[PDB]
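Read through the structure below, which is laid out as structure tokens, and then see the notes.
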Amino acid sequence: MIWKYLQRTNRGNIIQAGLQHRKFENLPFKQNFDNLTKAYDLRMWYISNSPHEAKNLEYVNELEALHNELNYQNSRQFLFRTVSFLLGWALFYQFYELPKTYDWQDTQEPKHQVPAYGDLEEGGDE
Amino acid sequence: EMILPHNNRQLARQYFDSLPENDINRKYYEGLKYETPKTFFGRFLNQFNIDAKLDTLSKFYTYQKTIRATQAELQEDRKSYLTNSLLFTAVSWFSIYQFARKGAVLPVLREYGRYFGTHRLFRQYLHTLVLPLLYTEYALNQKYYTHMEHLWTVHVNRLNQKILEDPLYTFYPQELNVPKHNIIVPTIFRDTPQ
Amino acid sequence: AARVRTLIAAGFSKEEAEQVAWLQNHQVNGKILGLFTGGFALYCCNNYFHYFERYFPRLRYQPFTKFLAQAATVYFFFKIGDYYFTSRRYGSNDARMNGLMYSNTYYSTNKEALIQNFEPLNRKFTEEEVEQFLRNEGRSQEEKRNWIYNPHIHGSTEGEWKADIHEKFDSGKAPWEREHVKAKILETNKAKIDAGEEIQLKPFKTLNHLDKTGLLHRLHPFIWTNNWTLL
Amino acid sequence: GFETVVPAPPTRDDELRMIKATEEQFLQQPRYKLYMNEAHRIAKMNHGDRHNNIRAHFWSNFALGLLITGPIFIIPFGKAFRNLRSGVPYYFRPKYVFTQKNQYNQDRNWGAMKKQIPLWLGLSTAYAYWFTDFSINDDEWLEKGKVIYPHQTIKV
Amino acid sequence: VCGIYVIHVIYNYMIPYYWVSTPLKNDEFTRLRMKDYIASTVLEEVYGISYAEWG
Amino acid sequence: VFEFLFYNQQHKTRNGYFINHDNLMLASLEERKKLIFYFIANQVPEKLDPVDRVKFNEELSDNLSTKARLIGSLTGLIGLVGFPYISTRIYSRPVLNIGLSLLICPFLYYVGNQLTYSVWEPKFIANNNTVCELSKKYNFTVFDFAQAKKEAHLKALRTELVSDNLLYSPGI
Amino acid sequence: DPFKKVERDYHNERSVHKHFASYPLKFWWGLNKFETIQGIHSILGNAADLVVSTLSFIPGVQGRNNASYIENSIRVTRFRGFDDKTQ
Amino acid sequence: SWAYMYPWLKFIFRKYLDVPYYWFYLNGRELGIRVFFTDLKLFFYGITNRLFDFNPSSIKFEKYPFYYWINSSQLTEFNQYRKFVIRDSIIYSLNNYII
Amino acid sequence: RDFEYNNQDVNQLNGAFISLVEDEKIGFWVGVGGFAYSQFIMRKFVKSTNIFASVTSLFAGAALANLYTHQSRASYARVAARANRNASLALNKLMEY
Amino acid sequence: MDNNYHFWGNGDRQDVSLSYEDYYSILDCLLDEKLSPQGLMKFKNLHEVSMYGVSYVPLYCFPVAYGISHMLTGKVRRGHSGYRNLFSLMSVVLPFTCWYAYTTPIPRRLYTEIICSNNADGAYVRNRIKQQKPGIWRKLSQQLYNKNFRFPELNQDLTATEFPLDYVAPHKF
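Sequence order for the protein chains is A, B, C, D, E, F, G, H, I and J.
One point on numbering: in my numbering, the residue at position 53 of the first sequence is 55, and numbering is uninterrupted.
One point on numbering: in my numbering, the residue at position 190 of the second sequence is 855, and numbering is uninterrupted.
One point on numbering: in my numbering, the residue at position 218 of the third sequence is 291, and numbering is uninterrupted.
One point on numbering: in my numbering, the residue at position 126 of the fourth sequence is 718, and numbering is uninterrupted.
One point on numbering: in my numbering, the residue at position 46 of the fifth sequence is 27, and numbering is uninterrupted.
One point on numbering: in my numbering, the residue at position 90 of the sixth sequence is 164, and numbering is uninterrupted.
One point on numbering: in my numbering, the residue at position 32 of the seventh sequence is 48, and numbering is uninterrupted.
One point on numbering: in my numbering, the residue at position 65 of the eighth sequence is 99, and numbering is uninterrupted.
One point on numbering: in my numbering, the residue at position 64 of the ninth sequence is 66, and numbering is uninterrupted.
One point on numbering: in my numbering, the residue at position 70 of the tenth sequence is 98, and numbering is uninterrupted.
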């Protein structure tokens, strides 16, 4: 019976998957990033798998328009997220008790601070 | 540190010598074991003895480093928490008064209470005055209850063994400290026979 | 079939664990062979149980009787295996047929030697024995230890101390073989001797009475599987 | 850290016996066991034997983990490549080379394999390191580095 | 040929040099002896004597 | 492969037979002495003087050894409710009912005995004044515990060895 | 007489202590081999300990002390090293 | 701008550089990948403990000067740096000043 | 004096024992909850005798408790087994004559 | 529960946990003169395991930082095209993820045997951490007292006649 679970392969693993229709049934009444990405991916898959030409070229033009719109949406997302990240970084370092209590031994080299070989580097003995 | 036995002013012993014969500390000196309350309610009733235990230790161990640090930390935390509670109460009262002057009243409690029929505004003022104090007491009691429980366990343990000297980190004032002898005449130099 | 690892989990050396494992293996393997032969017979003679419905019609009309008969046959083969392995079945100590289980001589002799010669310590180790055990740490190596005498840590004199440590460590004498230890053991366990109970001095050594090969009992090994000759 | 009794210097017979033991131990060495004549030769050969035992166990466990981890982990992992986040079926998004994914499921299969084979080997390696006992050669206090001699190995 | 020689130099001159960098409590002399042996006993500097009648 | 059926299994999970060095590896000195004395007294009573053997046996019977048997008997009686399980006007099945009772009642006895031990044995070891007194009196060591473990395992093996021929042991 | 059962008697140390009738009646003790039965026993013991504590509010009965190493160790190591092969 | 973190760069790889050859038989340990996976598991356990287990409190005394300048006593075993006797004297003087 | 157990074994056993005790408490509560849930489910939807329902509920609760506690129990079992083996070997070496 | 429970660099769930940073700080308050050869061996094994671990820690933090950096850029996967922003945000965030990882205590048998040992080496290590690393010893003692460890150096000692050297955090009695 082991073969029935090892040799046999799930149908979905072999055949091309269809649409996840649940993601196209209830859509928000917005031109938001999610709907724009869904439309972009639909048109891209169509032009990747369809043998027709006029519809494919219409979808190419609409895909360029969607690329511009999605670039605008990504610009807004990037601006908001990065500004929030920088502000949170600054506020964290304002409210963080920065530890100014680390060992300073690295800044001290007495043998070099007071030259141990006093004048002995300036000519030998005899 | 270690105050030498001949240099050890047994100040604790002095305070133990002035203690009344009925004082529980003397009972500890006789071997009265002290066990931390392990029952919730008991711990509750033990959370109000923090200041009494701290005062007893301060009289016993006035110059112990840990005892002095505990006193200073408890005093500063009490002052800071009291100031925070009073500022929160002042802000709450000011906000409630200024918003109620323009009709706005926060609907947290019932408009008219049971029994006496006090108003929502009055009960809000009372709650904003009382509850911050309760939370301040709760937090201070938690922290310094564990700390003072450990300190008092140590105190009772060292009383049971009749140890009336001063602890390892007692720093006396300058009037109770031995001055250092500066004059140290080195031994006369002498050629070694060998 | 006694899980030598588990035996070492209890107080047991590797060799003693092997011997006890072999003994329990003999027992349980006899019983297991009996069960497997019994289970194999039912796999083939369950039609025999249906065949005997003419001499014993109770089997046909009372199916529970058939189940009881099958269980009885299973137990019968179980007992046959148990007898063939866990019974005495005394046989000659001969080299031509030892090992081959025409007799149960190996298991019987090992079981008898274990049961006869096994007795608990009947006491507790004295402080002199316990201190000796703590001083027996890794000093039983092949290279004998060089014993150096220090008067300030050993006391006594060199002549007395050298013979003392020779008896304690080098001679191989066990702590319970010392006169002082025996006297203290007799004194401490006086109550026990007040009951007429003898006190064991030597802790029971399993390796002196159990042997898979049977060389302790001078059992001649199987001649065709052994190059050497015993006794 | 006590000392042992230092024996007297060996006689000619003892020297000959230890010479014979060293000869036998030298003859026991295989030709493919390339260990030079050194004081640590026997210790290194024992270490190599233990390492070979550990290696055999590790590779058996690695093959077993390749057998096990796939259908449990990697094959269901492929189920994550049937569709995209937006729900549209998987298609090809090129990076630079616009490869002609003309075959049936070429794009999905190649993307899934690129994500799976590294994951497959990584999970199999984690399994092999998890279920292999390295206690054969491990020495916490490095007491196995003691020099062992050929004449000590064999008694004549 | 250069790279095989360079690899041979890297094998016994650089990496061994990076091994011991601090004073050692146990068998420091033996460790330094190993480090120096793998670098100072190269046949290129010792092999000439076997064929000395040439020169 | 059925050693759990035809071998002795009742002594393994009670009377401290499970106590091993791991326990003593974490116990305090007094707790270690208590555990070692309990194991020795339960498994190898030969190491104690007869008076102490009798005292410990009495205490063990009062707390664990006999209380467990009583509670197992109570559970068996619970299993005896309606002993003619399968009976009617026409037929009462004697062999069937007897087999059902002899399979149910010992199982419930075992369940009750195991429950009693699992509940009261740790409390008996920890909080028995007689056990504490005798452990302080004897002060067995780790060597004593190891020797007693060997003796206990050998005695448990001996119990099965002697009971190998219960039907015909001529001795030849 | 309890003393008669503690006397050191050679014969008493090598005689049959478990006869045939004791083998079926005690054969159920091998179920401890199974971790499922061990878990059943652990659950029953812990429930009984909870009951014993709740009724140990009554004087004269002592509940389980969770700070006692001996109690905890015995409770959690009763089935620590079970092995049906041995003995 | 990351140039002056080269001591951090050296640290890890300078530790790596001092690992001797395996078959020179100095320790016989090559615990790279083993430590990789073991520390992966250890970090899983550590994060789980830091999230859903006991975490030590960081509360400390904040208002007593030089409180954590602890001078040697019987509680500290006197195994400090030898020339810290001057430090102990300074600590004693500072405490006698602040009492 | 007395025999001293190896300190590393003591520390490992201490950790394993702490884990075992904590998981034993949590797993007892898990087993009680699993028994209750199995009994509820079997009374709601399964049509069988109360004896069968109760035995199945008890077995399900025990199985859930063991599943929760298996890691700690097995880790402690192996740590204790190795500690006992090491201690037994050391003591047998000391006491062998 | 791995098969290699004997490994010194390994550990169980309830072993003594030390964050890498703390470990390195612990190395700043010790001397090899005061330690026995066995303690030195323990510290050498810990050093080997710790150097490998601190090498591997950023890698463990890479997937988390990689995910966080992408989420900061937005909901667009510009692989090979958003590399500039992705890796700038990584050079920011990966230090933070590694900060969290390095400040997170991890169990280890070497940690539990170096600190919690009865011998003079362990006593010396505990006393040095107590005196020269007050906060590290404070949190370590809070951790140890919850693991059924009783030492004279712990601040949570109820059998001591000398007052604790540091604040005692709340805990169950």
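We put the CB at the ideal spot given by N, CA and C, even for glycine.
Identify whether residue i lies in helix, strand or coil by the three-state DSSP scheme.
{"i": "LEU46/J", "result": "strand"}
{"i": "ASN675/D", "result": "strand"}
{"i": "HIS123/C", "result": "helix"}
{"i": "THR724/D", "result": "coil"}
{"i": "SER161/F", "result": "strand"}
{"i": "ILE134/J", "result": "strand"}
{"i": "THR745/D", "result": "helix"}
{"i": "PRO681/D", "result": "strand"}
{"i": "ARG218/C", "result": "strand"}
{"i": "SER38/G", "result": "helix"}
Comparing C-alpha positions only, which one of the options sits nearest to residue i?
{"i": "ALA188/J", "options": "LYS827/B, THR818/B and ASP831/B", "result": "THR818/B"}
{"i": "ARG12/E", "options": "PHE58/H, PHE70/H, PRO41/H and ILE67/H", "result": "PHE58/H"}
{"i": "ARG143/F", "options": "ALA226/F, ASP126/F, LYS129/F and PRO180/F", "result": "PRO180/F"}
{"i": "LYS197/F", "options": "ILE110/F, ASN137/F and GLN83/F", "result": "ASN137/F"}
{"i": "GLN184/J", "options": "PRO90/H, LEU65/H, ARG68/H and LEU85/H", "result": "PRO90/H"}
{"i": "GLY164/C", "options": "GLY154/C, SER176/C, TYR157/C and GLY172/C", "result": "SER176/C"}
{"i": "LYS706/D", "options": "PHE669/D, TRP722/D, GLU732/D and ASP730/D", "result": "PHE669/D"}
{"i": "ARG208/C", "options": "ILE238/C, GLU185/C and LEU187/C", "result": "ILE238/C"}
{"i": "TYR741/D", "options": "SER716/D, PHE618/D and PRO599/D", "result": "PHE618/D"}
In angstroms with no decimal places, state the Cα-to-Cα distance between residue i and residue j.
{"i": "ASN88/G", "j": "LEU76/H", "result": "27 Å"}
{"i": "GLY97/G", "j": "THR159/C", "result": "27 Å"}
{"i": "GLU64/A", "j": "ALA56/A", "result": "12 Å"}
{"i": "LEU174/F", "j": "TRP44/G", "result": "14 Å"}
{"i": "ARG78/A", "j": "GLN33/A", "result": "14 Å"}
{"i": "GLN189/C", "j": "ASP267/C", "result": "24 Å"}
{"i": "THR230/C", "j": "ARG609/D", "result": "41 Å"}
{"i": "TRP220/C", "j": "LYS235/C", "result": "8 Å"}
{"i": "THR178/C", "j": "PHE113/F", "result": "35 Å"}
{"i": "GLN42/J", "j": "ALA704/D", "result": "39 Å"}
{"i": "residue 205/J", "j": "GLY81/J", "result": "Beyond the ends of chain J as shown, which are 29 and 201, falls residue 205/J; an answer cannot be given."}
{"i": "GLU271/C", "j": "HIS639/D", "result": "53 Å"}
{"i": "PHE177/J", "j": "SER21/I", "result": "14 Å"}
Buried or exposed for residue i, please, with buried defined as at least 16 other CB atoms from any protein chain shown within 10 angstroms of its CB.
{"i": "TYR116/C", "result": "exposed"}
{"i": "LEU154/F", "result": "exposed"}
{"i": "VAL196/J", "result": "buried"}
{"i": "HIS114/A", "result": "exposed"}
{"i": "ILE81/C", "result": "buried"}
{"i": "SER760/B", "result": "exposed"}
Report the neighbours of residue i on chain M: residues whose CB is nearer than 8 Å to its CB, in chain order.
{"i": "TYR18/E", "result": "Included in the structure are the protein chains A, B, C, D, E, F, G, H, I and J, with no chain M among them."}
Original post:
Do three or more CB pairs link the region 19 to 31 of chain A to the region 663 to 681 of chain D at distances below 8 Å?
Top reply: Segments in contact, yes.
Subject >> Cβ contact check for the region 688 to 704 of chain D and the region -16 to -1 of chain E: 3 or more pairs under 8 Å >> reply: The region 688 to 704 of chain D, when compared against the region -16 to -1 of chain E, does not touch it at the 8 Å Cβ threshold.
**OP:** Would you be able to state if there are at least three C-beta pairs under 8 Å between the region 141 to 156 of chain C and the region 164 to 171 of chain C?
**Re:** no
**OP:** Count the CB pairs spanning the region 64 to 76 of chain G and the region 70 to 77 of chain I that are closer than 8 Å, and state whether there are at least three.
**Re:** Under the three-pair Cβ rule at 8 Å, the region 64 to 76 of chain G does not count as touching the region 70 to 77 of chain I.
**OP:** May I ask you to verify whether the region 53 to 73 of chain J touches the region 50 to 68 of chain I, counting CB pairs closer than 8 Å and requiring at least 3?
**Re:** no
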